[PDB]
């Protein structure tokens, strides 16, 4: 029995405050569990690199605690970081062999987490290049990290690209983790691995020190077994950073503790739109989404059916903006952090020179396509960026919210995990693209399982609605508690 299985941040903090546990002992527990499950047994491959300073940091936090000098709710809490997020002295590789020895200084959000007292356990594997390398890619695979596996059923996909962070949290390999989303990359693997994932409004959390895809859509976000844990993490990482102009665009930026929004009455009087989307009829879904609507109502919410007409009509425009933004953003990142690659051409050339190890399972067609883009002054890009955002936000989520005076929209996040195959992902559908493309907050909470595989309930709101989304998600979670632990089905 793993003694800290399913234990919240608040409870770990309580055990430490009482002296029954400390950071060093807790960190040792996770390290030993990683040793037992990650590259042997079920071979989850969630962790791409351990932090050589993890135990040094744990010991520092415990020494501080013994002097009665705490940093807050995350003091001594071990967590994992997706390996597109800079954190010394580890590499930040995006899963690529080209960056296996590239060890840039801490990302802004990592500096914040460390000052908050969190212990960085290590980095987690991801779909190589945040799944922007090929349309034939296999989710959760990278050359440097191998194949991340779903702990519910290790033959099946963890989704991604925040694959290792989702898996690690679900399998109790750390307390909490950080992921990043461009479109789906937090909430998809969170849902698929039966955990909570929160993708904030773009700009709430700094993107500085993260290997980027999209200035318009990218955001880091917390991944955790519970909403309370996710809220604690968000409190620590939210804030303005002059390095990231997107964080200057937040109106009424105020010091805010999101754990104050953990109200079991948080759904009373709320109005929720149940999105009329194809995933409602996904095989096995109707009983779950029906039960979820019912539980929302039992918690005191009003739940009404709502359309988001032409859901996905931004797809073409989004693909275009991502290609352009990936080239421009990556090349800027490589320059800023003095990486050993400086261009997308360099990366493409590296991969061909290392084809046996990098290109054996699938190609790099999307890298090539992005590299072909003329740059950010192309009016085609400008129009695509503007169109995608307008369709998904003002004309999508906002129009639906306004027309029915709603606080949030909900839908099943995605379908269930699919077999890991050389052919690449057999993707079932999504309801998270609107929020990702709008740059608006979304949050997935476990709502049950189909055939023993987790499914999530996705909440979405307008820009800067995280406090309210968190209240509503928490109130839902507390009366359902639909997460079950994985048990590594064969």
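Numbering follows the first chain given and starts at 1.
Of the two segments examined, 251 to 259 and 148 to 156, it is 251 to 259 that shows the higher average Cα temperature factor in the deposited entry. Two stretches are in play, 15 to 23 and 466 to 474, and the higher mean C-alpha B-factor belongs to 15 to 23.
Looking at 359, 166, 321, 408, the one whose CA carries the top B-factor in the deposited record is 359. Of the residues listed, 384, 191, 236, 173, the entry assigns the biggest Cα temperature factor to 384.
Among the modelled residues of the chain, residue 127 sits in the lowest third by CA temperature factor in this PDB entry. Ranked against the other modelled residues of its chain, the C-alpha B-factor of residue 226 as given in the entry falls in the lowest third. Among all modelled residues in this chain, the alpha-carbon of residue 36 has a temperature factor (C-alpha) in the middle third. Remark: residue 70 belongs to the highest third of its chain, ranked by C-alpha B-factor as recorded.
Compared with the other modelled residues of the chain, the Cα B-factor recorded for residue 428 ranks in the highest third.
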